[PDB]
Each structure stands twice: as C-alpha cells, then as structure tokens.
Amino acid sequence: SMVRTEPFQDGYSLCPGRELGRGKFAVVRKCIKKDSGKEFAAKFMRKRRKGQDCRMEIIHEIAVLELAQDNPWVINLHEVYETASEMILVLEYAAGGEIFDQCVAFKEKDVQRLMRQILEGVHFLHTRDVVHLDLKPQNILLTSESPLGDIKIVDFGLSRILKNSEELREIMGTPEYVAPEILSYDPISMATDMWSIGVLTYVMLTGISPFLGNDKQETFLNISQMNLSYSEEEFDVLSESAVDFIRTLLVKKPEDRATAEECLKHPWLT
C-alpha cells in the first residue's frame, strides 16, 4: 500500500461509544470520513509486540488484503496510515453489518447460501496460495443481520502463503534418510482451512460445537480421536446432503478432506 504519514484524524472523525472489536494487538473503531460522510472501520494495529517491532506483521496483512481486493467476500482496505507507534488500516464498514457470532440456529437454507459465499472466498484465497488458519465466527462478518446479508472475511493475522510440491520434496529431502516421525507428520496446508469450514458448517446447522469437550484435553482429545456420529436430535430436520457435506470436511487425515473447489460442487450447494 501507499502509506500515509499525515495525521489520520485530519481526514476522519472517530464515532462515539464502544469500539467495534478488539483483538490482540488490534482495535477496530467505527469512523466517519469528514469530507464524505462515509462510514469506515479503522483498524488500529500496534507496531510493537512484546517489545519487538512487528511492523512486518502489519505489512503482511495489507499484502493479503490487497491480494484479495477483487474478492467480493473479503473486506476492502480503503487506506493505510502510520504513526510512530501505530498503523491504521481504514477498512470498509458494513452498514448494519455484524459478526456472525453475535447474530445467534440458522435455517439450513440460510447456511447453504452463506457457506457457498464463505467457500468462494476461501477458494479464491487458496488459488492464491494463502491459507487463512483462523476461519471461525469471530472473523466472519455479515453485511446485514436482518435479513441475513453477505459474508465478509475480515482478519488475516494468522494467514500464510504456502509452498507447492516443494512442501513434500525439497523440504523432506532424500527419502532414505527421513526419520519415521516425519513420514507420520501432517503439516499445515489448505486442508487445515477446510477442517475449520467443516466445524463452522456443523455449528451453523445445529448450534453445537462438535468437538467441545469437558476440559481442553477433552477438546483436543475429541479432535484427535472422536469419530462423530451425527445422531443428535438436532439432525432429524437436516438433509442427508448436509451431513454428507460435513463428513467430507471433518476427516482427520488432511489429504482425504474435500477442497473448497470440490465443496462448491458438492450436491448440497448446487
């Protein structure tokens, strides 16, 4: 991006009242562009994290946001500002929008429409070699609560650009020397994103987090070993294709998971 050094508050007024949202290292405040009147969402991101300069982390997010600028299901970046301590990303504001988590279950018809949107944005990122790694409701924005509007994906702080066939060739090295715990490893890939989409689909249709256990080692144990049954009362009014769609994503072996492309052709969404 072009990075502006003139004071942010000369072009924008900050809206009064509570912030939109607050991640670690970032605060989102609704604002108004003075000579315009238009609403935007201003993402204040500290450049320092645990004493270290992390400007490059903000630069990475801008780069992803820009890669995705013609993706209609990713939030638009309008402008970037820089102070000594902060960087400010001025992002588009969904007038009347909402985080999908505060909107709460959904009708199967509404999840079908919404998941096709999510999967098209994810599919677009994945063809750009970007894996999101944080697809969850806190990061899925609805342009309208009532009626249900369109999804925008809004944060990319855990996102990565991934390598191709080099992953399992030049990295692994000469096969006769590889240790057996490497052969058994599954690295973070585009299928990691699809697991999360399978978890969100489940949550969206039933109101149940499928692997939520009693403690955290239960939650972690359910993720590793629980074979879901889809036999809950909440599934009686759900279509067979909806359950097959989830079964296609919540596969433990990453290589067996459906890709976003195949999801978009699954009979459930077509």
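One rule holds for the numbers: they count along the sequence shown, beginning at 1.
Scan the PDB entry between residue 104 and residue 105 and report the missing deposited residues as one of none, 1 to 3, 4 to 9, 10 or more.
-> In the deposited sequence, 4 to 9 residues between these two have no coordinates.
Which has the higher mean CA temperature factor in the PDB entry, 185-193 or 163-171?
-> According to the PDB entry, the answer is 163-171.
Look over 28-36 and 59-67 in the entry and identify the one with the greater average Cα temperature factor.
-> If you average the C-alpha B-factors of 28-36 and of 59-67, the larger mean comes out for 28-36.
Among 117, 76, 146, 139, where is the Cα temperature factor highest, going by the PDB entry?
-> Of the options given, 146 has the highest CA B-factor in the PDB entry.
245, 235, 202, 44, ranked by C-alpha B-factor: the highest one | Each of 245, 235, 202, 44 was compared by C-alpha B-factor; the highest is 235.
Sort the modelled residues of this chain by their C-alpha B factor and say whether residue 156 lands in the lowest, middle or highest third.
-> Answer is lowest: the recorded C-alpha B-factor places it there.
Entry-reported Cα temperature factor of residue 257, expressed as the chain third it lands in = Bottom third by C-alpha B-factor.
CA B-factor placement of residue 177, once the chain's modelled residues are sorted into thirds = CA B-factor rank for residue 177: highest third.
Taking the chain's C-alpha temperature factors as the reference, tell me which third residue 95 falls into: lowest, middle or highest.
-> Answer is highest: the recorded C-alpha B-factor places it there.
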